[PDB]
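Quick notes on the structure that follows.
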Amino acid sequence: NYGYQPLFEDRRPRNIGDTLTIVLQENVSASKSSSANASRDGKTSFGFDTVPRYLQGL
Amino acid sequence: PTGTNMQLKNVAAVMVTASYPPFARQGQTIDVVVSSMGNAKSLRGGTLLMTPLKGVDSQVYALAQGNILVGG
């Protein structure tokens with residue numbers, strides 16, 4: 001005797017020793033990315049090509 | 001052969017229900033109810049072939065075979 005068995009219920013595992021089908025379908029995907037930047041450019045100039053007389057000493 | 005077209009007209013798949021009486025003994029006879037299961041039209045003059053009647057524990061407690069009586 002295997003005990004009471006439901007008639008219309010779907011066949012499910014209920015006790016120790018019962019079998020069950022596992023459909024292994026795994027799809028995992030993780031990603032991450034980052035960046036940082038900094039820039040600085042500086043140019044400066046001053047030139048006196050021709051200096052008038054009253055400015056010579058300066 | 002597995003690959004063959006069988007189109008019958010005189011056969012109907014049926015479900016048989018019965019009552020197990022108190023203190024039932026082997027060799028005793030009981031009444032059964034025969035009910036069609038799919039798209040059959042009538043069971044007026046049919047005959048029920050050897051049918052094992054299972055209990056809740058899925059064990060055979062009776063065997064059913066006979067001629068059906070339908071009011072009509």
Could you count how many residues in the stretch B:18-49 are within 12 Å of B:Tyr61 (Cα to Cα) and of a type outside the set (A, V, I, L, M, F, W, C)?
-> 8
Give the stretch B:44-72 a look and list any residue that's of a type in the set (D, E, K, R) and under 17 Å from B:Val11 (Cβ atoms), or say none.
-> B:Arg44
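Quick check on the stretch B:48-63: of everything there that is more than 14 Å from chain A (Cβ to nearest Cβ), of a type in the set (A, V, I, L, M, F, W, C) and surrounded by 13 or more Cβ atoms within 10 Å (Cβ to Cβ), which residue is farthest from B:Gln26 (Cα to Cα)?
This residue is B:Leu48.
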Report whether or not A:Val23 is farther than 30 Å from B:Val56 by Cα and surrounded by 10 or more Cβ atoms within 10 Å (Cβ to Cβ).
-> no
If we keep only residues of the stretch B:7-16 that are without any contact (Cβ under 8 Å) to a residue 40 or more places away in the chain and either surrounded by 11 or more Cβ atoms within 10 Å (Cβ to Cβ) or hydrophobic (A, V, I, L, M, F, W, C) (or both), then the residue farthest from B:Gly55 (Cα to Cα) is B:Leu8
Would a scan of the stretch A:42-53 turn up a residue that is in a loop (DSSP other than H, G, I, E, B), among the aliphatic types (A, V, I, L, M), more than 14 Å from chain B (Cβ to nearest Cβ) and exposed (fewer than 10 other Cβ atoms within 10 Å of the Cβ)?
-> no
Would you confirm whether any residue within the stretch B:40-56 is out of contact with any strand residue (DSSP E or B) (no Cβ under 6 Å at 6 or more places or on another chain), at positive phi and not in a strand (DSSP E or B)?
-> no
Pairing a residue in the stretch A:1-27 that is within 14 Å of chain B (Cβ to nearest Cβ) with any residue that is acidic (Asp, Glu) and part of a loop (DSSP other than H, G, I, E, B), where Cβ atoms lie under 9 Å and the two sit 6 or more apart in sequence or on different chains, gives A:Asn1/B:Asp57; A:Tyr2/B:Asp57; A:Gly3/B:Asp57; A:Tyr4/B:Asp57; A:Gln5/B:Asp57
Within the stretch B:22-29, can one find any residue that is under 21 Å from A:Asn1 (Cα atoms), surrounded by 11 or more Cβ atoms within 10 Å (Cβ to Cβ) and of a type in the set (A, V, I, L, M, F, W, C)?
-> yes
Across the stretch B:36-47, the tally of residues that are among the basic types (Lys, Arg) and either in contact with a helix residue (DSSP H, G or I) (Cβ under 7 Å, 6 or more places away or on another chain) or surrounded by 10 or more Cβ atoms within 10 Å (Cβ to Cβ) (or both) stands at 1
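No Cβ is skipped: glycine too gets one built from the backbone with ideal geometry, and neighbour counts run over all protein chains shown. Throughout, read-outs are computed from the coordinates displayed, never taken from laboratory work.
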